[PDB]
Every structure is written in structure tokens, then in C-alpha cells.
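> this one's structure only:
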Ligand SMILES: CC(=O)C1=CCC[C@@H]2CC[C@H]1N2
Ligand SMILES: CC(=O)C1=CCC[C@@H]2CC[C@H]1N2
Ligand SMILES: CC(=O)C1=CCC[C@@H]2CC[C@H]1N2
């Protein structure tokens, strides 16, 4: 009953369209990490490549905090990502809607730290020329906020190495390397824009 | 809690089915601009071509204005497009439903300026005959309000040049030219004129 | 402000599930018209043909009337089709769910007249045999109410000549002719007539 | 006016999650009937076959009754199927989610009689070998409640002969025969018997 | 009347986002078992296989208990899966969103025991090399909670032997053997163990 009471209280006046910072001049810092599971398909007739991965996202939500003492020792809740503010992290060169492969549930801890790890299949622009060689081919796709600038959302990675420890061992494609690198840029605008570049080098097995 | 109170205030009595003008005799002026990203696929057996692009849309919403000073200095809000009035900009010769490639969130400034930029994959009617020649092939598609006449929605482009600076350099198709041009049309259904922006693309295998 | 007040008042006690008539013994008269844009493909291996068109529907909704004078001169509103009653006009021999290619928004005038013009892509049962000859091929599909009798919904066309003036000029298929013909059907099952509009298309490879 | 009041009354305390019977110990009798319109496709590389048909369903809802005199003489209402209790009739050997071709609207008569006739496209497990011969091929698929046992939902047909009077006369396949036959089955999960209607079609090019 | 009354009481303050245990320190034990129906397709150019099956899930919901004597003798209710708490059982190596082939309705008994048996079509990562030989091919996929650890959701099977008694006998592929085996995994992201059931399928061309 404690958890049920916690959730109702937390979400009574909660807004999912407002960046969850105490002061609006503050940035929301989002840590991003990829676990690449499979290169399913590299289509040289359309230059689309298909990846399956999951994408760990972490940030702090100021308004989703509580003292576990007040609620039977409850330290975590599990909430549909749709009901909380989430960062709108988007692939910048997809060619199809990302397909979701996992339940869209975020795990929130009593200190407000959110963990959200959607599994995804992405088709993105990539010319696989060289994939049939020992050296392999390389491709890249950028991920970032669609509507928030670097003053509103800041992106970080914990490491520039993509997690390959769960890559499908019998994929049609061997992974040779995969990095995830933060990049800052300016344009019209006084404000920095941030993305994480996902670079993959791979070859037919 | 400033932004939260702002949003609750703005949307307490807001209706998304009502054109956002102080006076209904007034027209909503919408600026459209296309950013072409990739010609993914051209199908000569059905004469459908698939485009990936961003569509920049800008208009003013009369009822989404506020003074930053009364709300902690908040200057912009980010609202799902489904929750505000939007221009029903529609491709007139699509052959499949448009696929949405970005979050559907509109950015709204304190002066009521809305900016909404959906990325899309569109299949539309297009004969790619000649795409394998120096001259290439030429296709076009009209974008405009499906249900609002020119007395209700009017369109403007900032330039007739389509933005090609984000076009996929390794695309199977090279863009020779791409324009976006405002047009007026009449349809047998309705006595009033309707406005569209005609996207004309000339392209060729690389 | 006025339109918002109008809309609030009209849909306070509105039911999208009841036919919009003063008394239930009255019939709703729906006028249908097709504007055919493209035969995208004709599949010889399954005998399915894919059409892109938009379908003008008009009828009067008794409970959607107002005096513009009481509402700042507002002459019409734009309401999502899902929120008003609509005629459940359905193809009787489709092979896939219809794909929606336009916003689902109805236009309602102050005298209650509703205009709703969905753009659609439809696969239906059709044998393309002879499409590669000069005589061409002929196919047909009936449109009508799924759950309402002829005493509840009646169908009319303004003309039996389909609007072909917007047909895609570089389609893989030329349209030889297209008619939209009201048919009245009597089944032993029912005393009441059943009414459909028969879309007949003669076509061939360009 | 009258109808709007009838509908508000009927559904004030109605629940679409509760079998519509006065006595819980009573069974809901559902009459089931198929109208086969077309065999669209027969895929010999995956042994899937695609049917288009109308599925006629009929039952009584005890709580959707009224006297026409008390409501301006309205004798029928037309309600989204999702808003009333419906039998969860399911194909047991489909290989894709069934596609709905018609409006999901049920017609309820004042005596509580419900008529619901979804048109569907179904891909189901079927080996079309011999479809190119005079003998043709024969496939079958069961239809029944997914979660209600024979003690809760019973199925019946009015005839064992599938209705072929609407069959597409220029289909790639002609129907040699098509029957619909009530069956009782037991499944490993549950001790109660379950009811289905077996659709058997023999066809050829 | 009784059942309606019971359902209203059960769900007045029910939360589907809260694990249905009395004490939050308690684990929810979920029994899983697969019934394989068909290997539809095995794609050697992408190494994906398409499997049709249904998946029996059983657990106890602490808050969905009642005395049948208090409610006309009602012993079972039938509730859409989406309206109760359910374990988020997920295939860990799927390559397409899973397709649901059955109504999503859970059966709940008066002692709170829930039975939920979704039928599904799954594409998952699978190298069919050898499927055209007598030894056939072997693939595996793990099923488990996505967001709940072994301290919150545990899994059990009744048997390691997968139910093959309903397998389609005219499938393009035959199943030589199939096992379902409980396992415990550890991830770097999270300090707690996670439970899965590993489905292993050996199969070949018929
Ligand atoms: C009001 C309405 O639906 C329309 C008005 C004219 C413009 C195009 C063609 C038909 C449709 N969209
Ligand atoms: C309760 C339930 O979902 C079921 C009960 C038995 C009938 C068929 C097979 C498994 C499933 N549907
Ligand atoms: C919390 C969450 O979403 C997850 C937790 C660990 C178990 C697996 C791997 C990552 C993801 N699912």
C-alpha cells in the first residue's frame, strides 16, 4: 500500500512536459550508452543499415524524490516512460520509425535518479561499400535531442567504447569496433548543440 | 514550479480544434520550409518514390502568450503537437501514410511563436523514368492544409530554394534541383481557394 | 473566444453514437463522390488492385446548428471526425485495412451541413486480366454502410461520372472510365432496402 | 434525444469485462457463421494462406434490454464493439495479427440480441501443396474463445456449410468445399473443455 | 450484478504499476511455459527466424482476492492484461517488435491466482546454418523481465521440456527438440541479478 500511496502523491501535480530541474536555468544532464546486439542487414541497394541495440539513458528528476522511511522502505518505483519527462533522444539520420523491442518502463530511485533502457531496431543511412573485405566498412549515426538545446539538455557518455559484450555471436556481420563520442557544435543561434556520434566498423563474417 | 503553473494556466481553457486568432475573420499565416535528407527508394514498377526530410513549420498562436517576468523568467515551453492547434499540412499525392521519424513536440515562445519541425518519410507518386540519364527525372508534390481554405490558412516560404545542406552525400540519388513554391488552387468540392507549397525535385542516379 | 464557447456548448451533451436526426424514423442522406488519383498497382498473382483516391461525404447533422450572430459571426467549425457521428461507409470487397492519407477532420457549417473528405489507399478484389490489351481490364467495388439499413442511411451521388480530372498523369495505368452508381438492393432477410455506391473502373497499362 | 437517453441509461453501470448473463452459472451461447469472400494468397515457401471473410457473431446481452415505448420507439442501437462485452473469438493457428476490414460496431436490439459482423483478413498455417491439381489442397483453422471455457461460452453454428454466395468469382483460387464444424477440445493449461468452430477449406488454382 | 460489483471493488484503488505483493520485500514468482506452434520462416541472409507460439504465465496477485460467498459464488474474473499488473516478460534478442496473435485477457481466480497466455509471433536472432542437413540447426532466445530483478520477479518452469504437441505438422520446418531452462544473469548497469528462461530450439527443413 505504501508504494501505491507514493505513486499517487508523486504524480498528483507532476508534469511530463516540463524539464525536471528545480531552477529552469539549470541543464538536465543525460548520460547515454549503447549496447550493440546485432547488425541485422546492410542494404546496398538503398544504403540503409539495420541495427538492434539497447540504449541506456540516465538523468535525475528533481520532483521524483522521497524518503523511503515515509513509505515502508520503498526505494525504487517502476513507471511507464510516457508518464514522466524523458529526454527526446533521436537518431538524426534514420530512414524508418525506430521500432521498440522492450517495455517502455523507467526505473526511478528515491533520490530521483532515472534509468531508462529502451531496446530498439534502427534503420539509418549508410553505404556499406567495403563491408565484404577484411578491413570492413564504417558507418555513423548521430543521436541527440530533437527540440532541446545544449543549455537545456546536456549529453554525456561514461565511456566512448560501445558495449559489445552482448553482440550476437552468429550475426551475418562481424563487429570490428564501435565508439560513442560526444560532439558540441554551434550554428543563427547563440547556444551549443550536442549529439553523440555512433560509429560502427564491421564486415561480413 | 513556474513552468508547470504557466502550462496549467495556458491550457486550462485551451482548445486545439480552434484556429488561434484573436479574430476569426483573420488568417493564420504559416511559414513552411523543406530540408531534404535522402531519396531512399524509387520504384519504377509502381511509380512511387520515397523521400526523407524535415518540414519546418512556423506560425503564431494568439493564446500562447505570456510575460516571462510573471513566471520565473521562462521564455519557451515544449508541448506535444497533439495538444495545441496545428496546421493540418498534408502531402496531396502521398501513396502510403507518412511515417514520423522524430518526436512530435512543438516549441512555443512567450510571444506565442510556435515552431514545429517533424521529420518524415513520404512515399509519393513519381515516375523515375530518366533517372538513369544526365537529365534525370523530375517529380513534384503539393503540401497544404487539407481542410482550411486560404481565408483560414495562408502559406509562405522563406525562400523558394529547398535546403539541401543536410542531404545524404552517399544517397543513391543526386539532387539536381529542389524548389518549394507557393500556389493557389481550386477544388470542385469548395468555393474558396486553397493554398499549397509545391515541392519540385529533379534528381538522378549517382 | 467565441468558437471555443460554441464548441464547448455543441459537444456538452453530444453523442457520436446516435444518428444525427430530429426523430429516429428520419433517414440520414449521405452524398458520396470519388476523386480518383492513382492506380498504384494491379497484382496478377493475388488479384488485388491498389487505388488512391479521396472520397467526399456530405450530410446534415441536426444537432450541429447555431446562429453565427450569437457567436461573433462564426460560420463554421473544424472537428475531428472521431468526435461527431459519421456514416460508416465501407468498401465491401477490400483485402486490407484502408490506409488513411489525410487528417480526419470534418468541416461543419452553422446550418449543420457536414463535409468530410478522407483520402485513402484501398486494396480490393480485382482481376487485372486484359489490362495489357487495348480493351483493358474492368473492376468494381461497392461502398456502403456496414451496420445501417437504407431507412437509416441513404446514399446519393451528384453524378455517376467519377472525378478523374486529378488523376496522376504518369501512373503506370491509364483510366479508360470510372463510374460511381447508386444501387438499391432487396434481400429476403430484410423488408428495408440496402443501398450502396458501385465504383466501376476500366483501366489499362499506359 | 430519446436514443441518447437510452444509451446513457444502459451504460451508466455497464461493464464490458463481465459476461452478460443474469446467472453466473449460465453459459453465453454464441452463434458463429463464416462468409468466405476470397482466398487472396497461398504462400508455399512459408505455408501461410490468406483468407478474407465476414465472421457473423450473435448472442444475447441480458443487460442491454429496454422497452421501445419508453424511448420514442427506438428498437435498435449501434455501439462500438469495444464498449460492450464481446466474445473473444480467436483463430488458433494464425501467423499474423488478424486485420479488421470493417467498422467495429455492434448492433443491439431491444430484446438484448447482439449482432456483430467483423470482416477480416487472416494469415494462417496452411500447406497449399496440390493446389495446382484437380484434387486441390485442404487446410483448416479453429475459431474459438481464447480465455472462456465451454462452461462460460458455448459456440454453435446454424449450418455446417460455409456461406459461399459472396465468394469472389475471379479469385485466383476456387473453392471445392468449405465447412464450419463445432468442436470440443482440451488444452494442457486448463481442466475445462473449450469450444471452437473448425473451418475447413479445400481449394485449387 | 455480483461480478460487476466485485470488479468495481477490486479496482477502485488498484495500481497496475505496483508489484502485487503484500510486503515490497517479497518476490513475485512467475511460472512460464512455452507451446511452440510453427517455425514460419528462417532467413539466412539476415539470420532471423520467425516463431509462432503461446506462452503461459502464472502468478499470484495479492490484491485480487475475494470470498465467492460474498459475491454470488463468482470464482473467476476476466480482465484485460493492460488493467492489472503483469510481469514485463521480454525476449532479449528479438529483431522486430513481437506481434500479438491473441486477445490480451488475464484469468484471475478468487485466491488471486492469475493465468495469462498471450499467443505471439517473434522474430529473433538465429543462424539457420545446417537446417538443410540431418543434424539441423540450433538457436536460442532468453525470456525475462526487462526492468525487475530477481529480488522482485523470479521465474520458474514446471518442466524443461517444451510443449511440442501442438506443433504444426506441415510446417516447412520440423522441431527435433526444444527446451526451456531457468537462468540467472548479471549486468554491469545494475547491481542485482535478473532471471530468464532460455528457449533452445533445434530444427531442420522437413
Ligand atoms: C475540406 C476538404 O476536406 C478538402 C478541401 C479541398 C482541398 C483538398 C481536396 C479535398 C479536401 N482537401
Ligand atoms: C486461458 C487461456 O489463455 C487459454 C486457455 C485454453 C485455450 C487456448 C489455449 C491457451 C489459451 N487459449
Ligand atoms: C532497467 C532496464 O531496463 C534493464 C535492466 C537490466 C536488464 C536488461 C538489460 C538492461 C535492461 N534490461
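In hand now; what should we look at? Residues are numbered from 1 along each chain as shown, chains lettered A, B, ... in the order given. Ligands and ions are numbered 1, 2, ... in the order given.
> contacts and neighbour counts: CA atoms only from here.
Will do.
> and residue A:120, bridged to which residues?
Beta-bridge partners of residue A:120, counted by DSSP bridges, are residue A:53, residue A:100.
> That one and residue A:53 touch, don't they?
Yes - using CA atoms under 8 Å, residue A:120 is in contact with residue A:53, at 5.6 Å.
> how about residue A:9, phi and psi?
In terms of degrees, to the nearest 10, the main-chain angles of residue A:9 are phi -70, psi -50.
> what's the burial count for it?
By other CA atoms under 10 Å in any protein chain shown, 12 other residues sit near residue A:9.
> now residue A:12
Residue A:12 has 8 neighbouring residues, counting by other CA under 10 Å.
> ok, now residue A:48?
When neighbours are defined as other CA under 10 Å, residue A:48 has 22 of them.
> Provide a list of residues in contact with the spatially closest residue to it that is not a sequence neighbour.
Nearest residue to residue A:48, sequence neighbours excluded (CA to CA, 6 or more residues apart in numbering or on different chains): residue A:125, at 4.9 Å. Residues near residue A:125 by CA atoms under 8 Å, 6 or more residues apart in numbering or on different chains: A:47, A:48, A:49, A:93, A:94, A:95, A:141, B:168.
> Please apply the same query to residue A:37.
Here residue A:37 is in contact with A:51, A:52, A:53, A:54, A:164, A:166, A:167, A:168, E:93 (CA under 8 Å, 6+ apart).
> Grab the nearest non-local neighbour of the residue nearest the centre of chain A.
Note on chain A: the residue nearest the mean C-alpha position is residue A:55, at 4.2 Å, using CA atoms, centre = their mean. Nearest-residue entry for residue A:55: residue A:34, 4.7 Å, with adjacent residues in sequence omitted and distances by CA to CA, 6+ apart.
> next one: residue A:167
Using CA to CA, 6+ apart, the closest residue to residue A:167 is residue A:37 (4.1 Å).
> What helix or strand is that neighbour located in?
Applying DSSP states H and E as the criterion places residue A:37 in strand A:28-43.
> and the angle from that strand to strand E:119-125?
On the basis of axes from the mean of the first three to the mean of the last three CA atoms, to 10 degrees, strand A:28-43 is oriented at 80 degrees to strand E:119-125.
> re the thing from before, tell me which helix or strand the residue nearest to the centre of chain A sits in.
With DSSP H and E as criterion, residue A:55 is part of strand A:48-60.
> before we move on, what about residue A:183?
Counting by DSSP H and E, residue A:183 is part of strand A:173-185.
> ok, residues contacting that strand?
Residues contacting strand A:173-185 (CA under 8 Å, 6+ apart): A:33-34, A:38-40, A:136, A:155-157, A:159-162, A:164, A:192-205.
> Stretch A:101-113 now?
Outside stretch A:101-113, the residues that reach it (CA under 8 Å, 6+ apart) are A:58-68, A:74-82, A:114-121, E:88, E:90, E:94-98, E:146-147.
> Can you flag the buried ones in those residues?
A:58-61, A:63-66, A:68, A:74-79, A:81, A:114-121, E:88, E:90, E:94-98, E:146-147 (16 or more other CA atoms under 10 Å in any protein chain shown).
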